[PDB]
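Undergrad: As they sit in the full assembly, here are the leading chains:
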Amino acid sequence: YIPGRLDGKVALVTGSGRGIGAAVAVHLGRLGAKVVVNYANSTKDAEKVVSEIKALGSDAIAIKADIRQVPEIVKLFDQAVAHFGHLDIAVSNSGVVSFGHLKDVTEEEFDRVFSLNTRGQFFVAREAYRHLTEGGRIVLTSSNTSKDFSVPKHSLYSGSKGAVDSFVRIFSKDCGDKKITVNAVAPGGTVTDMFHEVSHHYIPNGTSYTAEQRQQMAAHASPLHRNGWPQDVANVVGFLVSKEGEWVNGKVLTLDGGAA
């Protein structure tokens, strides 16, 4: 039993077919956990992550569930436990980004973002609490924009993740009766499909720079002069879900390489 390792444990990661979730899933597998790879649309990518986790010597299964639908969350966790027998670690990663001036945010856009980023994560946590073994781990995903980084026209998203920050602090109090810790990671700009989709909103006149230039400017936001990568987030989740992370509980760790 090596320190920081997860041998014999079972982890579930939402939205782990690609992006940050994919890194987290492969990493938990690398640490020796068996992994449930949840996806909503990226079936082939989820299979690739599963194949990669098996190739590094662990086991994994891909399970489709739309995390906007609470009954599908319940089913996801039921299927997870049915397959591996038990569940120790739940990482809630699924999310969507949005931009718009307050004046033009519609009801439908509010609901598209909150239903996944906030409502979905809340019920992923609920189901995690119900299904997890004593001494388990829950990690939710927030963002540096919730508290540390203020971007015009980003109010909906920033708020969606501000709620998650508050959740984890109080979740840790409730989840303590099963000795489960609850934390969140709040990444800054991390190079994924989402990054490239929206990097132009984070930069003044972002549209008149190339996509590569925009990534390079995000690199210079950190005093380390490099971009955040999915592995950066995965490294921290892996520590939080280990035995050694136990005393970190009820906290949000901003992961922006010192940009804030």
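TA: Happy to help now that I have it. Residues are numbered from 1 along each chain as shown, chains lettered A, B, ... in the order given.
Undergrad: got the contact list for residue A:110?
TA: By Cβ atoms under 8 Å, 6 or more residues apart in numbering, the contact list for residue A:110 reads residue A:156. Every residue, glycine included, has its C-beta placed from N, CA and C.
Undergrad: how close does it sit to residue A:94?
TA: 18 Å (Cβ to Cβ, to the nearest Å).
Undergrad: What segments of the stretch 1-150 of chain A are helices?
TA: A:19-30, A:43-55, A:70-84, A:107-114, A:121-131 (DSSP state H, counting those that start in this stretch).
Undergrad: for these, which one ends up most surrounded?
TA: Ranked by mean neighbour count, those are led by helix A:19-30 with a mean of 27 (mean count of other Cβ atoms under 10 Å).
Undergrad: So which elements touch that one?
TA: strand A:10-13, strand A:34-39, helix A:43-55, strand A:87-91, helix A:230-240 (3 or more Cβ pairs under 8 Å, 6 or more residues apart in numbering; DSSP states H and E).
Undergrad: Confirm residue A:207 sits in a strand?
TA: No - per DSSP: H, G, I helix; E, B strand; the rest coil, residue A:207 lies outside any strand segment and is helix.
Undergrad: What residues does residue A:125 make contact with?
TA: A:90, A:92, A:138, A:140, A:167, A:171, A:182.
Undergrad: Now do the phi/psi pair for the fifth one.
TA: Here is the backbone geometry of residue A:167 (degrees, to the nearest 10): phi -50, psi -50.
Undergrad: Verify the contact between it and residue A:140 for me.
TA: Yes - here residue A:167 reaches residue A:140: they are 6.7 Å apart, a contact under Cβ atoms under 8 Å.
Undergrad: so what's in contact with these two at the same time?
TA: Contacts common to residue A:167 and residue A:140, judged by Cβ under 8 Å, 6+ apart, are A:121, A:125, A:184.
Undergrad: And the second one, how far from residue A:186?
TA: With distances defined as Cβ to Cβ, the gap from residue A:125 to residue A:186 amounts to 16 Å.
Undergrad: Redo the shared contacts of residue A:167 and residue A:140 as CSV? Include distance to residue A:178.
TA: Below are the shared contacts of residue A:167 and residue A:140 laid out as CSV (distance: Cβ to Cβ, whole Å):
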residue, distance to residue A:178
A:121, 19
A:125, 13
A:184, 18
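Undergrad: Between the residues you listed, which sits nearest residue A:256?
TA: residue A:184 (13.8 Å; Cβ to Cβ).
Undergrad: strands paired with whichever strand or helix holds that closest one, and their directions?
TA: Assigning secondary structure by DSSP states H and E places residue A:184 in strand A:181-187. Here strand A:181-187 is paired, per DSSP bridges, with strand A:132-141 (parallel), strand A:252-255 (parallel).
Undergrad: here's chain B, drop it on:
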Amino acid sequence: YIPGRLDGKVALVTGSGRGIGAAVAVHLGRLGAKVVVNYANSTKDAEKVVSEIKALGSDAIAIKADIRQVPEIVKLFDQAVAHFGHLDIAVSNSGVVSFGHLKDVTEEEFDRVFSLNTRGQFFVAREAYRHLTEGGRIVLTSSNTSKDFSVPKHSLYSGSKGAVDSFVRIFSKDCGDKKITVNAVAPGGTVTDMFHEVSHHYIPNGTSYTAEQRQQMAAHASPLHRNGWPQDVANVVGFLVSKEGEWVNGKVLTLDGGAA
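TA: Next up, chain B placed on what we already have:
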């Protein structure tokens, strides 16, 4: 020199038939503003607040609108402006509280709380931005539980108000193009109808004390050894919405008499 008056201004307060909203509405009237008193159910109480504002020498009208319904928000603001000619100040105060261990929180309870506390306030802000005159003021309502105070079985509510904290910081960036400031007040335990919902949870072992004892214990949580009252919040909103409050922008002010 008389600081902080609002003569010639028009203010709208959601949920101002009773509680904190009532005190805010009466106070804005005391400062010289004309006031739109929104309520959802408390018709008679809204009439009492209107009467009180007229007694103080200002003018007011009560308008029914369910702030969960975005079309009713739009109408509320349209009617406000049609009646008084313009609108300068919007205070979003309507909210409900909730308690429950994470394991027992249902979809319906999530939606009951978020639809008013987070979604409702978000669209009150949107409509406020659209309808306010240049140089106006928006104030939303959060809670000490979002960031400063951690209460078991209070995750849903704490998160509903954490989202608001994030909103106001970014709202201030968007609203700056009409020179409108946006802030929130985050009260601690303030003696209203809601206080009776919260008091047994905000006091250690609150369940083994009388309601009067709980209020006394809540008083001893402040180093000033008294309870928070609606007027305490009203005093701060009044300053934030005055000319003199301008440089407070994008902030959440916790109002707990030094308990945090």
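Undergrad: Go back to the contacts of residue A:110, now with chain B?
TA: A:156, B:119, B:122-123 (Cβ atoms under 8 Å, 6 or more residues apart in numbering or on different chains).
Undergrad: between those residues, which has the most around it?
TA: Neighbour counts for the contacts of residue A:110, by other Cβ atoms under 10 Å in any protein chain shown, peak at residue B:122, which reaches 27 neighbours.
Undergrad: quick one: contacts for the residue nearest the centre of chain A?
TA: For chain A, residue A:93 is the residue whose C-alpha lies nearest the centre (Cα atoms, centre = their mean; 2.3 Å). Shown in contact with residue A:93 (Cβ under 8 Å, 6+ apart): A:13-16, A:19-21, A:24, A:141.
Undergrad: Residue A:136 contacts residue A:88, correct?
TA: Yes - the pair residue A:136 / residue A:88 is scored as a contact, 4.8 Å apart, by Cβ under 8 Å.
Undergrad: for the stretch 151-260 of chain A, what spans make up the helices?
TA: A:155-175, A:193-202, A:211-219, A:230-240.
Undergrad: returning to that earlier point: could you check the strand holding residue A:184 against chain B for contacts?
TA: No - shown here: strand A:181-187 not in contact with chain B (Cβ under 8 Å from any Cβ of the partner chain), separated by at least 9.0 Å.
Undergrad: Could you pick out the residues of the stretch 1-150 of chain A near chain B for me?
TA: So far as Cβ under 8 Å from any Cβ goes, the stretch 1-150 of chain A lies against chain B at A:70, A:101-103, A:105, A:107, A:110, A:114, A:118-119, A:122-123, A:125-126, A:129-130, A:145-147, A:150.
Undergrad: wait, what's in contact with residue A:10?
TA: A:33-36, A:80, A:84-89 are the contacts of residue A:10 under Cβ under 8 Å, 6+ apart.
Undergrad: how much space between it and residue A:242?
TA: 14 Å.
Undergrad: number of nearby residues for residue A:137?
TA: 26.
Undergrad: how about it, what does it touch?
TA: A:88-90, A:180-182, A:240-241, A:245.
Undergrad: Buried ones from those residues, can you make that a PyMOL selection?
TA: In PyMOL, a selection of the buried entries from the contacts of residue A:137 looks like this (16 or more other Cβ atoms under 10 Å in any protein chain shown):
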select buried, chain A and resi 88+89+90+180+181+182+240+241+245
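Undergrad: and which of the contacts of residue A:137 is nearest residue A:200?
TA: Nearest to residue A:200 among the contacts of residue A:137, counting by Cβ to Cβ, is residue A:240 at 31.8 Å.
Undergrad: so who does that closest one touch?
TA: Residue A:240 touches A:137, A:139, A:181, A:183, A:185, A:248, A:253, counting by Cβ under 8 Å, 6+ apart.
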